[PDB]
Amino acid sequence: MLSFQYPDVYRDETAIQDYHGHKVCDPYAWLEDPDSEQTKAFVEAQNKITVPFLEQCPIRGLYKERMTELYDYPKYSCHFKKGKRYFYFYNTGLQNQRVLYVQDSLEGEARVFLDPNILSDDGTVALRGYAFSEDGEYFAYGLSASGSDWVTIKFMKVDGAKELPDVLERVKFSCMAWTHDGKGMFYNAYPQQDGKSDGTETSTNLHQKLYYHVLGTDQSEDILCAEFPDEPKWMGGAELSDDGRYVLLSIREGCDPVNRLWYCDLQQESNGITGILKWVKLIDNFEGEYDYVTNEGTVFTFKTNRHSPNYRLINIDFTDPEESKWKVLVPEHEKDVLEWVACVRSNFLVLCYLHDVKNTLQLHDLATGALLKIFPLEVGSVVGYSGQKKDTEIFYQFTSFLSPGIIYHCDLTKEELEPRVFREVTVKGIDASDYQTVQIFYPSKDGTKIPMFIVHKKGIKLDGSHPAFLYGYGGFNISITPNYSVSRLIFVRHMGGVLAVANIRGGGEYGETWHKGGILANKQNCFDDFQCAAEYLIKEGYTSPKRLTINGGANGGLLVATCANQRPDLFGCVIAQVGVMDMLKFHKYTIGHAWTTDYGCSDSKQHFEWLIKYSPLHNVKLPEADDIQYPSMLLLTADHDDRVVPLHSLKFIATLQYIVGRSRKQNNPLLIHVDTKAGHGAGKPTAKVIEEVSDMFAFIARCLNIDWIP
């Protein structure tokens, strides 16, 4: 079955580092330099064996064709109003990038406002972030090339969609917030660094600053408004209060849902914005999240997790700011996570809750917090919303496993608040009625009950005969909720597959306690939860080890790679996308320093001892038993993934191929594909998305020998 040879890869046996007395050899450390001839040759040789492997069987072509057909459906974002105009994003079906449209009224003819597709041949220039001026007459937008986190901000006058000369460089992980006087916009930039800043570099990102750009000037004239030179990892994002009176500064360090909150009454500036603002340090620690919802004069409504792991709404009066004085507007729910809150039509609050990994949406009174209206939803997720304080209507977008979903509209000026379907699209070829979604709760090793969604064709016999695709993430307070995936439904329909999503600890599904259950000393909980999910699917007859594929990306790539090391006997196939593989060195590169709040840092003896136990790069080991080998493994990364630098996957695949791949009993392939002009994934053009899923399921089909079902 394996008709290729793994490439020659030099081992630097002298590359030995001492971590608190524990010696670690890193023979592929040289793969950390993306620019070397050695690394470039390594990538070329690896792609040279992977691509022919993926493309040998006609299944790739059948899948690609079906994906191209089925993914070709109209894709809309919610309408949103800015000034006197409406905007929405729309893809006719197969455009590489969705297009931003404008209309002068809801019944008015729409026209193209911003079309990213004309910015490159291959759709690899993508919108990343945008902000309209308060009056809706000016527009700032970020552009990222080749999938990099790096942004260039450009500007337009909305009337006539006129290009303006303003260009902002060195923007990354940035806010965009216009002052309501329409003079300029806050944003973040990083200082100059040696070498490249295009997404191919690994340089750590420190000393992010907050600037104010006056429209009509050169970037070099921009005002420095906040900086933290004594705290190089701090990141301060600005937003304007709804009345335009205050700049709110949310300072973060790491990835925990916490922030400092400082404010600036702009009217108290001595002569407008001219330098470091007169910041008032309302919350000056990282003990809780304070997410601005709205204010009425000095009374500020925040979504918080302070003493409230499932989140709640509090009012803090800037004139009486001590914690003991804060008012609880909407108390914490016992179990349901308050995901997000928006203020609309002056005195309404839109609250979105997560109840057992499904969304609900409710309208509350701002003055009392009292529930006023429940917006009815089927089982699934709210993935889009519009309606700001001055707006008198909302739009919201619902999606689920089995249908692309619906945009709803609700006119909030009406006495009876009845939502109506505004836009709905169905995909011909995938009849939702043929499939079912079930939710179960399985006990993990320590007895903790974990949610899992299972999607499958109705009427299947649970005889262990079905191929299964089990997805997980498990970290960073991210909740993995139902979403429409054409690519996964093709696996079900055309490969006879069962889909599963395990809501393992580390995620946000049951609030901050769920998140804390899968981080730091307890990261092993994630891997245990995920392995127990696999065991559930097997025990209950959905699948069998040899027919089971697991998949995850980034922190999810770490998840599946670790599970391959820990329980190789459990899985037939592993697809790890853009994964964090070197847990000892992740903090050294680009923004990886931010992830130590979930993982710890190997600089600490205590943390090193957690990390060394599960680090994928450091736990590649031949299975003891003669009858057990590693699952088939495919690593996917890209050369501009500056979120998770590709060296992670490069070093990991060299290690897999050397330790496991050289062994006689290993007949399952261990492969990497490194894409070009792509990065971590956000903004990836449609054409590349299609290639990627075609690669993924062709890999599964070849390794598990699955026949296409027409």
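All residue numbers are counted from 1 along the displayed sequence.
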ask   = Which has the higher mean CA temperature factor in the PDB entry, 316 to 324 or 419 to 427?
value = 419 to 427
ask   = Mean C-alpha B-factor higher for 199 to 207, or for 74 to 82?
value = 74 to 82
task = Just grab whichever of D149, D598, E137, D104 has the top CA B-factor as deposited.
result = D104
query = Considering only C563, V498, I407, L349, which residue's Cα atom bears the greatest B-factor as recorded?
reply = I407
task = Looking at the entry's B-factor column for C-alpha atoms only, identify whether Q38 ranks in the lowest, middle or highest third of its chain.
result = middle
ask   = Once the chain's modelled residues are ordered by C-alpha B factor and cut into thirds, is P646 in the lowest, middle or highest one?
value = lowest
ask   = Of the three thirds of its chain by CA temperature factor, lowest, middle or highest, which one includes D603?
value = highest
task = Divide the modelled residues of the chain into thirds by Cα B-factor and specify which third, lowest, middle or highest, holds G556.
result = lowest
ask   = By the record's CA B-factor, is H673 among the lowest, middle or highest third of residues in the chain?
value = middle
